[PDB]
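Only one chain is given next, in structure tokens, and it is the form deposited in one PDB entry.
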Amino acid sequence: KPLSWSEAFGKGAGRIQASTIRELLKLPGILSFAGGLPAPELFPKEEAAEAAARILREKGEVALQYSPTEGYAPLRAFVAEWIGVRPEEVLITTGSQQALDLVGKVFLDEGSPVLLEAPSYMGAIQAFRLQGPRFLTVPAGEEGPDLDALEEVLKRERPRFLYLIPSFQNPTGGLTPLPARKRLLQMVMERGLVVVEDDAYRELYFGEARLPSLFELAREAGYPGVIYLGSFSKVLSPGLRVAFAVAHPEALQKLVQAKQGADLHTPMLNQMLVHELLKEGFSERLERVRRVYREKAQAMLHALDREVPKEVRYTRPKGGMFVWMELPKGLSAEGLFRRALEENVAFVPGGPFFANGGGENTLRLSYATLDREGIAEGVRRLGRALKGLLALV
């Protein structure tokens, strides 16, 4: 009886085939606009080094030992104070990608309806796809989800939850404005629906102020149905894998129960280190994050405006890390990617961001990682690839 792997795997093995995540993470003179990797010039290496050594010397017996599933209590407290909730309503997760996996586990079943935008974040699609749901979509544009399309969906289908990224959506960069957020909240409250609000880019706004979150608006309305995800990845360090979920206790409790068997607890040194880094100077750190991303976005748009012919369209984000690019109808972003690689530049083709397919002429560009000169040079290389693609028609 020779062993067959294909025959020994379960259904889960046939739902995890997309490889965008590992392909974006994989470790020469290629300039990357691919993964949403935060600017390394913002990492506080020296402060981190001091703080990590102090933790390990003075509290190493706690930091290196098994620790609570719910998270380091001072970090839960810091998060609660920042977000505006009780500490017991905060779960520390091993990145918000883990919170998405936990959400999928708690809420989805084979064939269960779930709603997100087309496009939306590939990580969330991948986490949810594991459970074998039926994906329902609405379009995403410059002002967020198409609420008219959503109204029609909700007449016929009750999603297990709605997954949204109101602030600088991955991958479009779209910003759901305040009146739309209120309308959306009304639509959800009228049917007692659950919303998973992913606020990874919360603090990366380019204007004067952050918009109220769906969670904030819900809290004001007395409505308990928003599960709120945030992360320290975009504002401090993605490699530490420290993030959080905030919810009504009944929901949060299920997330904590799921977390036990996922990894026991998020590494304790990491939580301690985030807390030590942010307990002073957080406001100021966030202001500097905004100034850097504003400047890189400006450089990206200047470079694109210079190098990209008008037959190719792209968004002009008001925050976050991404530009979203649309090629002429029927042109292949995958084909372009192969040409870009020969020109020593990378991006993410758009296909993985569309849960039910389509989008093969779209692509996402991240300006977060490179400095302004590498942005300018990377876009010059992209422009050459685009020009090659268009010239073949």
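Each form is matched to the other, and the largest set of C-alpha atoms that superpose within 1.5 Å is called the rigid core. Each residue number is its position in the shown sequence, starting from 1.
Omitted here: the form deposited in another entry. The next part is about that form.
- Comparing between the shown form and the other one on the rigid core: C-alpha of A13 shifted by 2 Å or more? Result for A13: no, shift under 2 Å.
- C-alpha of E343 moved at least 2 Å between the shown form and the other one on rigid core: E343 C-alpha, core-superposed: shift of 2 Å or more.
- Item | in that other deposited form, whether the C-alpha atoms of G95 and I21 sit closer or farther than here (change of 3 Å or more) | It is farther: the C-alpha separation of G95 and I21 rises by at least 3 Å in that other deposited form.
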